[PDB]
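See below for the structure under consideration.
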Amino acid sequence: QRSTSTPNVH
Amino acid sequence: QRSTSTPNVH
Amino acid sequence: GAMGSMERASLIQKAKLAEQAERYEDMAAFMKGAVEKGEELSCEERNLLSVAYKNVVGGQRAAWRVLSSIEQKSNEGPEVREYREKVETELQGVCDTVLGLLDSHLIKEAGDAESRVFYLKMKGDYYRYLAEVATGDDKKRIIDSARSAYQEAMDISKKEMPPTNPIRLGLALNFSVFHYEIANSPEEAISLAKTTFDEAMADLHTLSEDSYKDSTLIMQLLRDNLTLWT
Amino acid sequence: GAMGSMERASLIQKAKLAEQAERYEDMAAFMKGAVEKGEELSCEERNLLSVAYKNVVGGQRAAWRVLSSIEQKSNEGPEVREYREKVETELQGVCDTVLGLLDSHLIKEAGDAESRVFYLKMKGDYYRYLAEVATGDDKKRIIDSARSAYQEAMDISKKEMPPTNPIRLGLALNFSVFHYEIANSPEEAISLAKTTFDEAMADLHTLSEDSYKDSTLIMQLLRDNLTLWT
Ligand SMILES: *CC(=O)NCC1CCN(S(=O)(=O)c2ccc(Br)c(F)c2)CC1
Ligand SMILES: *CC(=O)NCC1CCN(S(=O)(=O)c2ccc(Br)c(F)c2)CC1
Ligand SMILES: [Cl-]
Ligand SMILES: [Cl-]
Ligand SMILES: [Mg+2]
Ligand SMILES: [Mg+2]
Ligand SMILES: [Mg+2]
Ligand SMILES: [Mg+2]
Ligand SMILES: [Mg+2]
Ligand SMILES: [Mg+2]
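Residue numbers (the authors' numbering), protein chains in the order written: chain P, 255 to 264; chain P', 255 to 264; chain A, -4 to 71, 78 to 231; chain A', -4 to 71, 78 to 231. A prime marks a further copy of an entry chain.
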């Protein structure tokens, strides 16, 4: 599994 | 709501 | 085209990779290149072509509907109309590309009943997608072209295919949608959908081992439309 | 560019329409045009730019990973490699476009701490995306460029922003990912992530009314990575 980076919001 | 047409499969 | 230097088999292989990667524009381009080699397509290849272009145009239709709804709401600045027209033009370009391939390469007098029905259904479909965004003199030409393509596909399917055949069922589903949504003929939509469902059930024993899941899926979608329409 | 004749405000308006239509390529093009007017971007506009290009590159990265995995499995015909290289080239083109905008237009000595941190974080990110697909001499240059951009963003954020600020948190998250995934430094990834989480909790009272949902989201993602990494 990959590390989670900043997602898209708004 | 829209009528359903043939979907994509395989 | 840009696919001219690539072997047919490599183009098919790359369409499958593109499908796996969900790169549907690439997939459509690869299949356009394969078609342009001028050999007939197998069932598996027709599916690749279908899936690729339906994904592309599907995304454009969904965008167009969003923009059109915003536009209609703001008619109760030119930017909404301008962007809607931009998406519309692109959608029309994709439909014209598909209809060109069908006319130049794919639709023939010879071949499988399946293949001939499938390509005429596809012609009906991509004319219908043009009809969704059309307005004037262009529109009645387009609607007539869709009906003509569908009606010819129907005649062949009824003579040459069992009532559970997935192409026959998929065609009838899409034609009923045409009747309801484009031609403004709900009674004809309902009668076709009902007749298609009932005749498939009546001859349920004709389900094929290699496609029965597809057949039953379309039968349920016919039932869903009938419930929505009554 | 092709957006040169359009008013800045119309370009912003169309980016928002494109977002609503999920037309992220169009959205990215509209925002590129807005940036090229050479005025600073607001918070709302920086978000549009960020969302547009992350969606575009995100789709390319996901495709690239699929093809790369197929390629690696088939090394246990040239078509898989060729298509992977095609997607890779396109991904690199998008990253180069973003890094060009940052360097030509967006990164300055002046302005908000927020804005300066945000653009340096973005530079770190798009270098990291290049580093995911890089191989040779090109790669070490790229990794050094990512670290440098991130490390400068970190220095500013720690001096000028509260520990719960979403840009500060988002930057620290992405830098920890860099450490873990690109730089092969799991200990530094973990220490940064832990320190970022603990200092935000310690100063939880600094949450802002207009962004606390974003802050808490990133805090949870820091905790998710820490759980995955230990
Ligand atoms: C043998 C053959 O021609 N196969 C390809 C086609 C491609 C898809 N069509 S369809 O659009 O009529 C269709 C799509 C999805 C489902 Br679940 C269907 F039942 C039919 C049929 C076969
Ligand atoms: C005021 C301002 O600069 N707003 C725009 C940025 C754009 C997105 N970043 S971020 O990538 O650091 C980020 C994305 C998503 C979440 Br949930 C974040 F917390 C941070 C921050 C603000
Ligand atoms: Cl436009
Ligand atoms: Cl290729
Ligand atoms: Mg060939
Ligand atoms: Mg028009
Ligand atoms: Mg019978
Ligand atoms: Mg202007
Ligand atoms: Mg390479
Ligand atoms: Mg304190």
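For every residue, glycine included, the Cβ atom is placed at its ideal position computed from N, Cα and C.
- The beta carbon of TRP59/A' does not come within 9 angstroms of any beta carbon belonging to chain P, so the residue lies off that interface.
- When the five nearest sequence neighbours on each side are left out, the beta carbons in the same chain lying within less than 6 angstroms of the beta carbon of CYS96/A' are those of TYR127, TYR130, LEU131, in order along the chain.
- Each of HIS106/A', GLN221/A', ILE7/A', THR136/A' was checked against the Cα of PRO167/A', and the nearest Cα belongs to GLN221/A'.
- The contact set of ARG18/A' on chain A, defined by CB atoms closer than 8 angstroms, consists of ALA58, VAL88 in chain order.
- Counting only Cβ-Cβ distances below 7 angstroms, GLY171/A has contacts in chain P' at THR260, in chain order.
- Taking the C-beta atoms as reference points, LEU100/A' is found no nearer than 9 angstroms to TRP59/A'.
- Counting only the Cα atoms, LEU12/A' lies some 27 angstroms from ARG117/A'.
- Membership of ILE144/A' in the alpha helix (DSSP H) is indicated by the continuous run 138 to 161.
- Sorting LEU170/A', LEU121/A', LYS159/A', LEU205/A' by C-alpha distance to the C-alpha of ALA150/A' places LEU121/A' at the top.
- In terms of Cβ geometry, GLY112/A' and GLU35/A' form a close pair [threshold 9 angstroms].
- The Cβ of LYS9/A sits closer than 9 angstroms to at least one Cβ of chain A'.
- For the set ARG56/A, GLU153/A, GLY78/A, the Cα lying nearest the Cα of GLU133/A is the one of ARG56/A.
- For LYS195/A', not one C-beta of chain P is nearer than 9 angstroms to its own C-beta.
- Under the three-state reduction of DSSP output, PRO164/A falls in the coil class, being neither helix nor strand.
- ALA114/A' places its beta carbon 9 angstroms or farther from that of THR165/A'.
- Remark: C-beta atoms of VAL46/A and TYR19/A approach each other more closely than 9 angstroms.
- Within 9 angstroms of the CB of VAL178/A', the CB atoms of chain P belong to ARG256, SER257, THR258, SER259, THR260, in sequence order along the chain.
- C-alpha of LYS68/A to C-alpha of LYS87/A': approximately 42 angstroms in a straight line.
- Between the alpha carbons of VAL81/A and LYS9/A' lies a gap of roughly 7 angstroms.
- Within 7 angstroms of the CB of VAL81/A', the CB atoms of chain A belong to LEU12, in sequence order along the chain.
- For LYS9/A', the CB falls within less than 8 angstroms of some heavy atom of ligand 3.
- Residue range 213 to 230 is occupied by the alpha helix (DSSP H) that includes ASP215/A'.
- Residues of chain P' with a Cβ closer than 9 angstroms to the Cβ of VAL46/A are, in chain order, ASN262, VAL263, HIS264.
- Annotation: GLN67/A' has no Cβ neighbours in chain A at a cutoff of 9 angstroms; minimum Cβ distance is about 14 angstroms.
- The beta carbon of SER0/A' sits no closer than 9 angstroms to any beta carbon of chain A.
- Among the residues facing chain A', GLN93/A is not included, as its CB has no counterpart in that chain under 9 angstroms away.
- Using a cutoff of 8 angstroms, the CB of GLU86/A counts as near ligand 6, since one of the ligand's heavy atoms is closer than that.
- Every residue whose Cβ sits closer than 7 angstroms to any heavy atom of ligand 7 is listed here in chain order: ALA203/A, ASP204/A.
- Neighbours of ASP225/A across chain P', judged by C-beta separation under 8 angstroms: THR258.
- The CB of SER5/A' comes closer than 9 angstroms to the CB of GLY78, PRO79, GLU80, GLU83 in chain A, given here in chain order.
- Two segments are said to touch when three or more pairs of C-beta atoms, one from each, lie closer than 8 angstroms; by this definition the segment 202 to 217 of chain A touches the segment 165 to 184 of chain A.
- Here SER158/A really is in contact with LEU172/A; their C-beta atoms are around 6 angstroms apart, less than 8 angstroms.
- Per DSSP, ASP126/A is one residue of the alpha helix (DSSP H) stretching across 114 to 134.
- When Cβ-Cβ separations below 9 angstroms define contact, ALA190/A' makes contact with chain P.
- Distance between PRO79/A and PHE25/A', taken at the CA atoms: about 16 angstroms.
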